[PDB]
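Data block below; observations after.
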Amino acid sequence: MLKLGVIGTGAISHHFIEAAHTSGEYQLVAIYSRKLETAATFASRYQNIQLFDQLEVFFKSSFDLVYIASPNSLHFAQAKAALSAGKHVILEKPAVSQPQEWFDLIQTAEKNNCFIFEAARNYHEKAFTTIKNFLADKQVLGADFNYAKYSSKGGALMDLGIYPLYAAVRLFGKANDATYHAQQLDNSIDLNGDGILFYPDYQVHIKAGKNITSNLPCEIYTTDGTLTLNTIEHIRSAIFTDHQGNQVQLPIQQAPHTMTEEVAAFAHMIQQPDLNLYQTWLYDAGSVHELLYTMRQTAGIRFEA
Amino acid sequence: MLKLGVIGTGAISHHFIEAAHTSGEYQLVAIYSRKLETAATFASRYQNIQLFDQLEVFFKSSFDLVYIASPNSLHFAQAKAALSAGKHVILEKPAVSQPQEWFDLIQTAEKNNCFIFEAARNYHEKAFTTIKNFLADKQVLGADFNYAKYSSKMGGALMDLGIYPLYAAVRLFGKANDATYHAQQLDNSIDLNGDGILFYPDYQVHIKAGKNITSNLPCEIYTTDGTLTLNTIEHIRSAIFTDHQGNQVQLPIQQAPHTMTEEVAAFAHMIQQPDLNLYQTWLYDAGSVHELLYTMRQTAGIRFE
């Protein structure tokens with residue numbers, strides 16, 4: 001059973017650990033933080049846990065797999081070290097700051113014979129395969145995908161818009177081109193925006209937001225009607241309705257936790273590895289980052305650097 | 001009563017007339033077509049109506065206002081003659097195909113002592129007033145307006161339906177600073193559907209329009225304190241405001257019997273009881289709406305013959 005290091009002492013790491021313990025395929029063994037006393041309070045609720053305040057000491061320790069949920073700009077350097085040290089890596093949020101970074105990581109992963117996963121929770125939902133199947137014999141004409149919730153209270157594209165993007169990519173694959181126009185702070189970071197993914201026969205609208213809340217359903221239009229998903233993350237209900245008002249519920253069963261499904265996937269992959277499927281995860285994560293990068297560019301969203 | 005002439009032989013001219021009759025402020029008295037055969041196969045339900053194949057012998061006739069619902073491309077030339085002949089005009093669908101034609105119709109209007117109106121049915125709903133009043137002390141952060149219905153099979157989505165959400169936005173909110181639209185296009189360049197964004201100083205509105213796809217998404221307005229949800233922006237049935245705490249508020253919306261009840265009462269009442277600052281707010285807004293239509297087509301490459 002899988003021995004886990006954690007970086008990132010934010011709430012989300014707790015949600016990851018919670019989920020990883022519940023699947024019975026993980027044991028948390030180690031936490032790192034620049035200050036030991038932060039790691040200590042993070043660890044108080046768990047037991048048999050090594051605390052670390054030096055990254056190299058941390059990586060020389062023996063656990064198989066490190067979960068990284070630090071601030072985005074640290075992800076690349078830390079993954080790189082993690083894989084160079086023989087740990088599989090799982091990267092939260094937006095795995096990386098830009099496309100090439102994903103690909104250096106992949107090389108680094110390959111060379112060192114380990115896995116690198118993006119913790120894209122919605123991408124591993126059973127629901128997608130179900131939806132994906134259902135649309136194999138339709139002709140898709142369009143789609144509208146949103147994820148916009150008022151936070152407390154980076155940028156909306158990178159933190160939330162990535163969910164719609166992963167869903168579009170999950171169904172659909174890479175779009176040919178994309179655009180994004182955002183409301184921006186002075187620093188150029190986006191509070192909310194509307195994007196479009198251009199596909200040869202259709203386009204998909206993406207809405208992202210953090211200073212606003214949308215409760216809009218997500219829709220896929222087909223020549224014979226509209227598939228309606230209550231959301232595109234932790235998906236709960238897919239009902240298709242034809243131009244005549246006949247309806248089909250799809251068999252959707254939401255996991256008990258938003259990370260149940262990706263957490264089983266990462267574990268099943270290390271233990272019973274299907275490598276073609278691994279290629280597809282790398283592949284898709286690559287497309288998502290490509291589009292994030294394109295869209296930030298059309299929107300004028302630069303980070304420090 | 002107001003004597004009424006009707007270029008246009010489609011069922012929209014029927015629906016228009018039912019409303020103007022239910023109102024008890026109109027008497028329909030004259031019907032123009034190229035083909036007389038088309039102009040009496042239209043009359044048989046309501047008695048005592050004359051027929052003109054001659055455009056000038058039509059206008060040289062006795063009636064106060066004409067309701068023009070020809071195909072779009074004729075609207076400008078027919079309204080202009082209507083006006084030069086001293087008749088008040090209600091242009092249907094989209095009023096014009098370019099902004100300059102509107103500004104010219106106004107100049108022609110003022111010169112002949114006549115009103116010209118676009119028949120923007122949603123723009124005259126009592127709903128919008130209720131909404132604007134409720135928004136007047138909030139601060140708006142965006143909106144997502146849509147009108148996509150699967151039509152008849154077997155011009156463009158923006159012009160035939162997108163004009164409604166454009167009108168909803170102009171009515172709350174006013175003239176935008178800029179706009180963009182992108183469409184799935186037929187080869188003649190006419191749009192089956194599209195998404196655009198209206199750019200305001202402090203915020204953006206997403207506009208979805210389509211005729212080969214069906215959307216059932218509600219319409220949202222975002223404020224700093226929550227989300228206002230309208231079932232649609234046309235023949236609106238319910239606006240509900242919900243704050244970030246989950247607390248809910250119902251605006252008292254009263255859907256009219258007929259979808260064109262409100263505009264018809266507006267146009268009758270405006271003529272028999274003139275209110276010129278109001279009129280100039282009608283003129284002004286049509287001009288904003290068409291400036292956007294025009295901007296939007298050009299970004300999308302929707303060129304007419």
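By order of appearance in the structure tokens: chains A, B, ..., then residues from 1 within every chain, and ligands from 1 in the order shown.
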
List the spatial neighbours of residue B:254 as a list in words - criterion: any atom at most 10 Å away, only C-alpha atoms, same-chain residues fewer than 5 positions off excluded.
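Near residue B:254, the qualifying residues are residues 125, 126, 127, 130, 235, 236, 237 and 238 of chain B.
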
Between chain B and chain A, at 8 Å or less, what are the per-residue closest atom pairs and their distances in Å? Count only C-alpha atoms, order by chain and rising residue number, and return it as a tab-separated table.
```
residue	atom	partner	partner_atom	distance
B:141	CA	A:212	CA	7.4
B:150	CA	A:243	CA	7.4
B:184	CA	A:202	CA	6.3
B:195	CA	A:205	CA	7.1
B:197	CA	A:194	CA	7.7
B:202	CA	A:183	CA	7.8
B:203	CA	A:183	CA	6.4
B:204	CA	A:183	CA	7.4
B:206	CA	A:194	CA	7.0
B:212	CA	A:223	CA	7.7
B:213	CA	A:221	CA	6.0
B:214	CA	A:226	CA	6.4
B:215	CA	A:226	CA	7.3
B:217	CA	A:216	CA	6.2
B:218	CA	A:216	CA	7.0
B:220	CA	A:214	CA	7.4
B:222	CA	A:212	CA	6.2
B:223	CA	A:212	CA	7.6
B:224	CA	A:212	CA	7.5
B:226	CA	A:213	CA	7.1
B:227	CA	A:213	CA	6.6
B:244	CA	A:150	CA	7.6
```

Of the candidates B:87, B:35, B:21, B:290, which shows the shortest atom-to-atom distance to residue B:118, using only C-alpha atoms?
B:290

Nearest candidate to residue B:53 (options B:273, B:146, B:33, B:112; using only C-alpha atoms)
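Ranking B:273, B:146, B:33, B:112 by distance to residue B:53, first place goes to B:33.
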
Restricting the calculation to only C-alpha atoms, which member of A:303, A:128, A:283, A:163 is positioned closest to residue A:252?
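Smallest distance to residue A:252 is found for A:128.
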
Would you kindly return, as a ChimeraX atom specification, each protein, DNA or RNA residue with an atom no farther than 12 Å from any atom of residue B:299, considering only C-alpha atoms and excluding same-chain residues fewer than 6 positions away?
/B:178-183,194-197,292-293

DSSP-assigned strand (DSSP E or B) among stretch 174-303 of chain A, expressed as JSON, numbers by chain:
{"A": [177, 178, 179, 180, 181, 182, 183, 184, 190, 191, 192, 193, 194, 195, 196, 197, 198, 203, 204, 205, 206, 207, 208, 209, 218, 219, 220, 221, 222, 225, 226, 227, 228, 229, 238, 239, 240, 241, 242, 247, 248, 249]}

Filtering to C-alpha atoms, could you give me those residues as a PDB file, in the first residue's frame?
```pdb
ATOM      1  CA  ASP A 177      -7.912  27.428 -31.528  1.00  0.00           C
ATOM      2  CA  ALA A 178      -9.463  29.232 -28.511  1.00  0.00           C
ATOM      3  CA  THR A 179     -10.069  32.752 -27.288  1.00  0.00           C
ATOM      4  CA  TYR A 180     -10.678  34.337 -23.845  1.00  0.00           C
ATOM      5  CA  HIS A 181     -11.759  37.807 -22.687  1.00  0.00           C
ATOM      6  CA  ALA A 182     -11.715  38.519 -18.981  1.00  0.00           C
ATOM      7  CA  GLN A 183     -12.489  41.212 -16.430  1.00  0.00           C
ATOM      8  CA  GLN A 184      -9.162  41.958 -14.937  1.00  0.00           C
ATOM      9  CA  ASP A 190      -8.973  37.662 -14.149  1.00  0.00           C
ATOM     10  CA  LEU A 191     -11.995  37.824 -11.817  1.00  0.00           C
ATOM     11  CA  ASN A 192     -14.248  36.178 -14.446  1.00  0.00           C
ATOM     12  CA  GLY A 193     -14.240  35.652 -18.208  1.00  0.00           C
ATOM     13  CA  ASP A 194     -15.920  34.113 -21.268  1.00  0.00           C
ATOM     14  CA  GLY A 195     -13.949  31.928 -23.680  1.00  0.00           C
ATOM     15  CA  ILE A 196     -14.659  29.930 -26.855  1.00  0.00           C
ATOM     16  CA  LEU A 197     -13.086  26.746 -28.035  1.00  0.00           C
ATOM     17  CA  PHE A 198     -13.214  26.408 -31.811  1.00  0.00           C
ATOM     18  CA  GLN A 203     -17.573  25.806 -30.769  1.00  0.00           C
ATOM     19  CA  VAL A 204     -17.814  25.493 -27.021  1.00  0.00           C
ATOM     20  CA  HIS A 205     -18.397  28.536 -24.727  1.00  0.00           C
ATOM     21  CA  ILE A 206     -16.451  28.499 -21.475  1.00  0.00           C
ATOM     22  CA  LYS A 207     -17.471  30.763 -18.583  1.00  0.00           C
ATOM     23  CA  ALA A 208     -15.130  31.073 -15.611  1.00  0.00           C
ATOM     24  CA  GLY A 209     -15.658  33.216 -12.473  1.00  0.00           C
ATOM     25  CA  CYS A 218     -23.961  22.737 -18.804  1.00  0.00           C
ATOM     26  CA  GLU A 219     -25.293  21.771 -22.252  1.00  0.00           C
ATOM     27  CA  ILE A 220     -24.110  19.758 -25.266  1.00  0.00           C
ATOM     28  CA  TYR A 221     -26.184  20.370 -28.382  1.00  0.00           C
ATOM     29  CA  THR A 222     -26.519  17.485 -30.877  1.00  0.00           C
ATOM     30  CA  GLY A 225     -31.267  17.680 -29.084  1.00  0.00           C
ATOM     31  CA  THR A 226     -29.612  18.992 -25.959  1.00  0.00           C
ATOM     32  CA  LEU A 227     -27.805  16.938 -23.364  1.00  0.00           C
ATOM     33  CA  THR A 228     -28.117  18.707 -19.968  1.00  0.00           C
ATOM     34  CA  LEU A 229     -25.478  18.202 -17.214  1.00  0.00           C
ATOM     35  CA  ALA A 238     -27.217  13.998 -17.211  1.00  0.00           C
ATOM     36  CA  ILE A 239     -30.517  14.230 -18.940  1.00  0.00           C
ATOM     37  CA  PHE A 240     -30.871  14.314 -22.703  1.00  0.00           C
ATOM     38  CA  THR A 241     -33.855  15.926 -24.342  1.00  0.00           C
ATOM     39  CA  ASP A 242     -34.747  15.639 -28.099  1.00  0.00           C
ATOM     40  CA  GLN A 247     -36.069  12.533 -22.303  1.00  0.00           C
ATOM     41  CA  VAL A 248     -33.396  10.106 -21.198  1.00  0.00           C
ATOM     42  CA  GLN A 249     -31.784  10.136 -17.729  1.00  0.00           C
TER      43      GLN A 249
END
```

Extract, using only C-alpha atoms, all DNA, RNA and protein residues at most 12 Å from residue B:99, discarding same-chain residues fewer than 2 positions from it, and format them as a ChimeraX atom specification.
/B:76,94-97,101-106,283-295
